[PDB]
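A quick write-up on the structure given underneath.
Just follow the structure's listing: the first ligand is 1, and inside any ligand the first atom is 1. Index from 1, following the sequence. The basis for the numbers below is simple: all heavy atoms, side chains too, and nothing from hydrogens, waters or symmetry mates.
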Amino acid sequence: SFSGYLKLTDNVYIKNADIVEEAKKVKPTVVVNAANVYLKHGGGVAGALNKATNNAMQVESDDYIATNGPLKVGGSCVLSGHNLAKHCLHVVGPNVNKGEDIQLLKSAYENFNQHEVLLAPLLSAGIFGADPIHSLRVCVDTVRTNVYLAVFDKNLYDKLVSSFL
Ligand SMILES: CNC(=O)Cn1cnc2ccccc21
């Protein structure tokens, strides 16, 4: 199972780790992707997860979009986890760099409640432009299922733990 995680609450855990390396080691039932509405996995967590699948995640995602159209900001879809997990829960957090509504972050975290345990990044953090301290607060106040957060950046991980209320 998951190892080396710091317990924040009854159900939220955090570790300074590369989510791709974490997924390969654990092979969780669900890995969460920080997706956009088009499932275009170009950069950040999405680009890294997709590259680990040798682009199989993008091929599957393009077929999903051709059939279903784009996701909503705050929405999600369950696709294959490929070599990383049983499933990948593609969750769209608001991208504040694309002028999207930050109040949608709670809606985005609500998707995690449909899965008993997940390996996840902080939604809307990184290249999505939101404050990761705010994202962690929304996560612990929204997610009731067991979420193992992988924070890539060591300095951000320390800031998150040392400032956690
Ligand atoms: C093998 N893994 C990678 O390519 C590392 N990597 C790149 N962007 C990232 C963003 C978040 C976490 C890990 C990330």
Partner of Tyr109 under side chain to side chain contact (heavy atoms under 4.5 Å, CB included), chosen from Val32, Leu104, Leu122, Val147: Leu122

Heavy atom of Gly44, distance to ligand 1 below 4.0 Å: yes

Numbered atoms and elements of ligand 1 in range of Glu21, under 4.0 angstrom, heavy atoms: 1 (C)

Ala48: numbered ligand 1 atoms lying under 4.0 Å from its heavy atoms: 3 (C), 4 (O), 6 (N), 7 (C), 8 (N), 9 (C), 14 (C)

Parallel, tilted or perpendicular: ring planes of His41 versus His90, cut at 30 and 60 degrees: parallel

Greater than 12 external heavy atoms within 6.0 Å of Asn54's CG: no

Residues, nucleotides or ligands: over 12 heavy atoms within 6.0 Å of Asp10 CG: no

Which residue and heavy atom of the protein sit nearest atom 11 (C) of ligand 1, plus the separation: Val45 CG2, 3.7 Å

Identity and separation of the nearest protein heavy atom to atom 2 (N) of ligand 1: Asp18 OD2, 3.3 Å

Close side-chain approach of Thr142 to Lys106, heavy-atom, < 4.5 Å: yes

Test of proximity, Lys51 against ligand 1: N or O pairs below 3.5 Å: no

